[PDB]
Amino acid sequence: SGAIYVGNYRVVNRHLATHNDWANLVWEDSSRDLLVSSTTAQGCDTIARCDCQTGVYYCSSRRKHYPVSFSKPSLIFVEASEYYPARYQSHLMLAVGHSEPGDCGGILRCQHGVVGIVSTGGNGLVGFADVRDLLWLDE
Ligand SMILES: Cn1cc2c(n1)CCC[C@@H]2C(=O)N1CCC[C@H](C(N)=O)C1
Ligand SMILES: [Zn+2]
């Protein structure tokens, strides 16, 4: 689990979205595994607007933060799951690291702020859904 809270927006993994997230839907993209819903309270997370390829992510399955080097956002093929059939997921960055399904939602941060959230894994690689291109989260 895990979400990004900025302004009157809440960003979650689309596969983990609640009934309330869907009832207050702002935008969703199945290909990115992202869903943004509206909130009453104001959020204070700062979104990075950069092209950093190094950062730190939170891994609940180990109760630890790990420094990582990650790839640039791209179309990477993701094996079938109970949430989606086999497809290419867009805007995805990979890093050598540990992850488990329950780690989805953990934030990846660089020195500029929030970069994205944990979204895929397997084969000793962790996938992060990038959020830096969503400039509308700040206005
Ligand atoms: C963080 N994490 C996620 C996973 C693992 N860690 C390890 C096992 C694979 C699993 C995974 O890659 N998927 C299951 C959840 C939905 C994902 C998606 N966005 O399409 C695909
Ligand atoms: Zn950065």
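Shown for chain A, in order and in Swiss-Prot numbering: 869-1007.
Quick check of the header: X-ray crystallography, 1.8 Å.
For all residues, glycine too, the Cβ spot is worked out from N, Cα and C.
Per Swiss-Prot, the features are as follows:
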- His883: active site, for protease 2A activity (ACT_SITE)
- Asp901: active site, for protease 2A activity (ACT_SITE)
- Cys918, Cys920, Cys978, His980: Zn(2+) 1 binding site (BINDING)
- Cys972: active site, for protease 2A activity (ACT_SITE)
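A map of Swiss-Prot features onto the structure.
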{"residue": "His883", "record": "active site, for protease 2A activity", "DSSP (3 states)": "helix"}
{"residue": "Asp901", "record": "active site, for protease 2A activity", "DSSP (3 states)": "coil"}
{"residue": "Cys918", "record": "Zn(2+) 1 binding site", "DSSP (3 states)": "coil"}
{"residue": "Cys972", "record": "active site, for protease 2A activity", "DSSP (3 states)": "coil"}
{"residue": "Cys978", "record": "Zn(2+) 1 binding site", "DSSP (3 states)": "strand"}
Subject >> Using Cα positions only, nearest of the recorded positions to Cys972 (active site, for protease 2A activity) (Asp901, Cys920, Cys978) >> reply: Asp901
Original post:
What recorded positions among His883, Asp901, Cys972, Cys978, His980 have a C-beta sitting less than 6 Å from any atom of ligand 2?
Top reply: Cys978, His980
Original post:
When you average the Cβ positions of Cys918, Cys920, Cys978, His980 for the Zn(2+) 1 site, which other residues in that chain have a Cβ within 8 Å of that mean position?
Top reply: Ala916, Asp919, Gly923, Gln979, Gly981, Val983, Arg1000
Subject >> recorded positions clustered about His883 (active site, for protease 2A activity) [Cα within 10 Å; pool: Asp901, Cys920, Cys978, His980] >> reply: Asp901
Original post:
Per residue, counting other C-beta atoms within 10 angstroms of the C-beta, which of the recorded positions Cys918, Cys920, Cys972, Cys978 reaches the highest number?
Top reply: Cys972
Subject >> Among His883, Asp901, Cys920, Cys972, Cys978, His980, the recorded positions whose C-beta sits under 6 Å from ligand 1 >> reply: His883, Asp901, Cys972
